[PDB]
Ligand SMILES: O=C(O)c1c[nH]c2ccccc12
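Starting off, we have a lone chain in the form solved without the named molecule, written out as structure tokens.
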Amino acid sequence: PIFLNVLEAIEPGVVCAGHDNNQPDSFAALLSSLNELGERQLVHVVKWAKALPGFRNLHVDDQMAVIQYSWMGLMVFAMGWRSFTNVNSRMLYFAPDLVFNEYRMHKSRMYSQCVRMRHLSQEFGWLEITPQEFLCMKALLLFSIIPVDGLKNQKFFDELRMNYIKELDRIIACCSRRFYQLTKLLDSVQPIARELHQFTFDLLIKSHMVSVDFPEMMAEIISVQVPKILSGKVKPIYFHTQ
């Protein structure tokens, strides 16, 4: 099973946020470290994506675009999986050095978005998601958000997305209900990503007022690509009609 060999081989390892756990759990300190984590993870997501089967057949401009649109969903989904494996159902394992308890969820001012992420994390348990299913679903998430006006080569994108969907099907077949369940879970990622897109955008705009630092790559993607999602120029592809 070449496809699963590849997905297991390229899966990124542990990334630390570099958070100073010695300081108080302030809004500014927590969100600055989440931003730093995001910047560090993005480096890993790019290297991961470029090594996926068939990814290099996209036009190079579309390679950059799909990563810049899908990162939030991808990172939230991977975070749910590691939370599921590592911490209890009340906590979120963003990184080994940045674990949110209930107090930090409140102080981050993201309590309601955190509730949704905890629920996503728990679904991995409720649905008994295997590591193989997790890997195939995470790969599909990279191909689940695109411009309404289309990518440079929309045709190659649609064929690649089709091949990832068939891969998920094959992994299940080793049923109809299972495919239904997994596609419903994938769709559930998108409304969570949208709330976080909204939150991070609003925060970048007032970042100097509230003393939150945004690293360079994050500030660029949040001011350039995230507003296209929020204005509806780039939209998630749902399996089921929303």
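Residues carry their position along the shown sequence, with the first being 1.
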Gap between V210 and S211, counted in deposited residues with no coordinates, falls in the class none
Comparing 120-128 with 137-145, the higher average Cα temperature factor in the PDB entry belongs to 120-128
If you average the CA temperature factors as listed in the entry, which stretch comes out higher, 214-222 or 228-236? 214-222
Per the entry's Cα B factor values, which of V60, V46, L204, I192 stands out as the maximum? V60
Ranked C-alpha temperature factor of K50 among modelled chain residues, by third: middle
On the chain's distribution of Cα B-factors, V87 falls within the third called middle
Compare the C-alpha B factor of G150 with those of the other modelled residues in its chain, then answer lowest, middle or highest third. highest
Within-chain third of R170 by Cα B-factor, per the entry: highest
Comparing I10 with the other modelled residues of its chain, is its CA B-factor in the lowest, middle or highest third? lowest
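The same protein also has a form deposited with the named molecule bound, omitted here; what follows describes it.
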Binding-site state, shown form vs the named molecule in the bound PDB entry, superposed, 3 or more atoms under 2.4 Å of backbone or C-beta: open
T130 near the named molecule in the bound PDB entry, any heavy atom under 4.5 Å? no
So, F84 and the named molecule: in the bound PDB entry, are they within 4.5 Å at any heavy atom pair? no
Could you confirm whether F134 comes within 4.5 Å of the named molecule in the bound PDB entry, counting heavy atoms only? no
Counting only non-hydrogen atoms and a 4.5 angstroms cut-off, does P191 reach the named molecule in the bound PDB entry? no
Out of 90-126, which residues reach within 4.5 Å of the named molecule in the bound PDB entry, heavy atoms considered? none
